[PDB]
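One letter stands for each residue in the lines below.
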Number of protein chains: 2
Amino acid sequence: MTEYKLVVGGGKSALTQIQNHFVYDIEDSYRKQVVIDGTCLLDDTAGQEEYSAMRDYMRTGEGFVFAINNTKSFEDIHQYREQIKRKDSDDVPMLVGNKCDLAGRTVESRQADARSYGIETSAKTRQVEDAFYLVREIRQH
Amino acid sequence: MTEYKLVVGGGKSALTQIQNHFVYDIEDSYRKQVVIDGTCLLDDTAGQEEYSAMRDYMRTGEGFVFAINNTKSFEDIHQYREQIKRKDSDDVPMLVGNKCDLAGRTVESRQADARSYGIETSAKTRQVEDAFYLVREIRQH
Ligand SMILES: Nc1nc2c(ncn2[C@@H]2O[C@H](COP(=O)(O)OP(=O)(O)OP(=O)(O)O)[C@@H](O)[C@H]2O)c(=O)[nH]1
Ligand SMILES: Nc1nc2c(ncn2[C@@H]2O[C@H](COP(=O)(O)OP(=O)(O)OP(=O)(O)O)[C@@H](O)[C@H]2O)c(=O)[nH]1
Ligand SMILES: [Mg+2]
Ligand SMILES: [Mg+2]
């Protein structure tokens, strides 16, 4: 069957609410069998420092986060996109607005103007599949 | 604020579960105030016979259904697309798979190959915003 490659930008893991739940805790692959929009097995990073050339996990994926309070994390976006574009392609199937149930955010929705490149998720309520089912882009790429 | 124009293909109305609920019953405009992915007011047809040049409600919309058991309704898709493309545009922001909790379907997921044009919804369970929030396409058109 169709087997989907998913490789997700300090609440990414969080998302992966696979295990239906809500989790201070190197690498996790995960495998579930859904149906999306009509038999689909799904196939989680840590963006801390150390991995940089282990990252080039950008090679084996099809579809590819910030915290709405963390502007430097908004600002980490631009370092990222570059090493998956340089999957020598200027268009990869690919923006995660996590931590949206919170009450003092430094990255304004407005500013996530995404549209230059080509969702606001709460891993704490479940406002987690609306971002992932990215599978739909895989499905037209 | 941003005011979104929405004009939806015998379970369309159904969808519009606006009123949070689940409904044998000419035209309904509807107005709700959400947030999608970061202040968004939302702005329902009957595809029976009579309206055809009243339809040309294709002029005042930005974003624009079948029943998974109804192949002739799958087959009504192609009549439709044409009069909103002829909004003299070959690319309009715009496929609804309704009646997906049921158990004998004549339109196979597989065949909704959508991808030529450019979701499977249950208005009976709530498997209703995943199709609509179409608003995201409006937002990059
Ligand atoms: N309130 C709130 N906290 C969250 C949410 N998602 C994650 N967190 C918290 O933020 C912290 C980090 O969550 P993790 O899932 O470990 O984050 P990380 O993104 O994995 O860090 P890297 O793996 O290096 O990218 C934890 O204490 C989480 O509970 C969310 O949506 N709401
Ligand atoms: N089981 C089931 N029946 C549904 C669903 N959605 C609609 N129906 C039923 O199908 C029938 C038609 O629903 P309506 O919402 O009136 O359908 P319609 O699409 O409005 O007809 P037009 O307005 O001419 O396009 C009703 O008896 C609904 O309850 C659904 O997802 N599940
Ligand atoms: Mg993580
Ligand atoms: Mg209807």
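Cut-off values and rules
Residues numbered from 1 in each chain as written, not as in the entry; some residues may be left out. Chains lettered and ligands numbered in written order. Heavy atoms only, no water. Residues with missing side-chain atoms left out of burial classes, pairs and counts. UniProt positions renumbered as here; feature names shortened; annotations may be inferred. Helix = DSSP H or I, 4+ residues; strand = E, 2+ residues; numbered from the N terminus. Buried < 20%, exposed > 50% of the residue type's maximum accessible area, 1.4 Å probe, protein only. Contact = heavy atoms within 4.5 Å. Near = heavy atom within 4 Å. Polar contact = N/O pair within 3.5 Å; in protein donor to acceptor, adjacent residues only side chain to side chain. Nonpolar A, V, L, I, M, F, W, Y, C, P; charged D, E, K, R; others polar. Buried area = accessible area lost by both parts, 1.4 Å probe. Salt bridge = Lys/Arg side-chain N within 4 Å of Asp/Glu carboxyl O. Areas by Shrake-Rupley, 256 points an atom, 1.4 Å probe, with all protein chains shown as cover. Pairing = 2+ DSSP bridges. Least-squares fit on C-alpha atoms.

In terms of determination method and resolution, the entry is listed under X-ray crystallography at 2.8 Å.

For chain A, the name recorded in the PDB entry is C-H-RAS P21 PROTEIN, with Homo sapiens as its organism. As its UniProt record puts it under Catalytic activity, chain A is described as follows: "GTP + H2O = GDP + phosphate + H(+)". Turning to chain A, the UniProt annotation filed under Sequence similarities states: "Belongs to the small GTPase superfamily. Ras family."

Peer 1: Any details on the environment of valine 92 of chain B? Residues and values, ideally.
Peer 2: Residues and elements named next belong to chain B. Relative to the helices and strands, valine 92 resides in the loop between α3 (71-85) and β5 (97-98). A residue is classified by how much of its surface remains accessible, and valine 92, at 15% relative accessible area, is buried. Once residues within four sequence positions are removed from consideration, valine 92 is found in contact with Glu62, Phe64, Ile84 and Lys87.

Peer 1: Before we move on, can you summarise the site of ligand 1 with the specific residues and values?
Peer 2: All names here are of chain A. As a matter of local geometry, ligand 1 sits amid 18 residues, with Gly10, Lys12, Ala14, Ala46 and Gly47 nearest to it. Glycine 10 places a main-chain nitrogen or oxygen 2.8 Å from an oxygen atom of ligand 1. The contact in question runs from a nitrogen atom of ligand 1 to an N or O atom on the side chain of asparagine 98, over 3.1 Å. In terms of residue count, the dominant contributor to the shell around ligand 1 is helix α1 (residues 12-15) (three residues). When grouped by side-chain class, the residues that make up the shell around ligand 1 number six nonpolar, seven polar and five charged.

Peer 1: Outline the interface of chain B and chain A, supporting the account with residue identities and numerical values.
Peer 2: Chain B puts eleven residues into the contact, and the matching count from chain A is eleven residues. For the pairing of chain B and chain A, the buried interface totals around 1100 Å² over both sides, and the portion due to carbon and sulfur atoms is 42%. Ranking the residues of chain B by area buried against chain A places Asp37, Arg136 and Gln140 of chain B at the top, with a combined share of 36%. With a shortest N-O distance of 2.6 Å, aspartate 130 of chain A and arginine 136 of chain B are connected by a salt bridge. At the surface where chain B touches chain A, the tally comes to eight residue pairs in polar contact. Looking at the side of chain B that touches chain A residue by residue, the classes come out as two nonpolar, three polar and six charged.

Peer 1: Quick one: what's the story with the site of ligand 2, residue by residue and with numbers?
Peer 2: Residue and element names in this part refer to chain B. Near ligand 2, the surroundings consist of 18 residues, among which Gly10, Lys12, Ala14, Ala46 and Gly47 are the closest. With respect to ligand 2, the backbone of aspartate 25 contributes an N or O atom lying 3.2 Å from an oxygen atom. Within the backbone of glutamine 48, an N or O atom sits 3.4 Å from an oxygen atom of ligand 2. Contact with the protein chains hides 80% of the accessible area of ligand 2, taken as 650 Å² for the molecule alone. It is helix α1 (residues 12-15) that contributes the most residues to the shell around ligand 2, three residues altogether. Residue composition of the shell around ligand 2, grouped by class: six nonpolar, seven polar and five charged.

Peer 1: Tell me about the sheet that holds strand β6 (residues 120-121) of chain B, and please be specific about residues and values.
Peer 2: Adjacent strands of a sheet pair through backbone hydrogen bonds, lying either parallel or antiparallel. All names here are of chain B. Reading across the sheet, the three strands line up as β4-β5-β6 and stay open at both edges, with parallel pairing between neighbours. Single-partner strands in this sheet number two, and they are β4 (66-67) and β6. Here β4 pairs with β5 via two bridges, running parallel. Among the inter-strand pairings, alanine 67 is bridged to a residue of β5, identified as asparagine 98.

Peer 1: Lay out the relation of the copies chain B and chain A with the relevant residues and their values.
Peer 2: Both copies of the chain are related through a single rotation about an axis accompanied by a shift along the same axis. Between chain B and chain A, which share one sequence, the superposing operator has a rotation angle of 180° and an axial displacement of 0.0 Å; the RMSD is 0.0 Å. Taken together, the rotation and translation relating the two chain copies correspond to the operation of a two-fold axis. Within chain B, the C-alpha atom positioned nearest to the axis of rotation is that of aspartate 130 of chain B, 3.4 Å from it. When the interface residues of chain B are mapped onto chain A, 100% of them are again interface residues, pointing to one common binding face.

Peer 1: Residue-level account of the pattern of salt bridges, with values.
Peer 2: Applying the stated criterion across every chain yields a total of 22 salt bridges over all chains. Residue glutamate 120 of chain A is joined to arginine 105 of chain A by a salt bridge in which the shortest nitrogen-to-oxygen separation is 2.9 Å. Given a relative accessible area of 12%, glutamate 120 of chain A falls into the buried group. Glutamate 129 of chain B is the partner of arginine 126 of chain B in a salt bridge, and the nearest nitrogen-oxygen pair spans 3.4 Å. A relative accessible area of 37% places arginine 126 of chain B in the partly exposed class. The network of salt bridges with common partners includes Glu3, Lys5, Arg31 and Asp43 of chain A.

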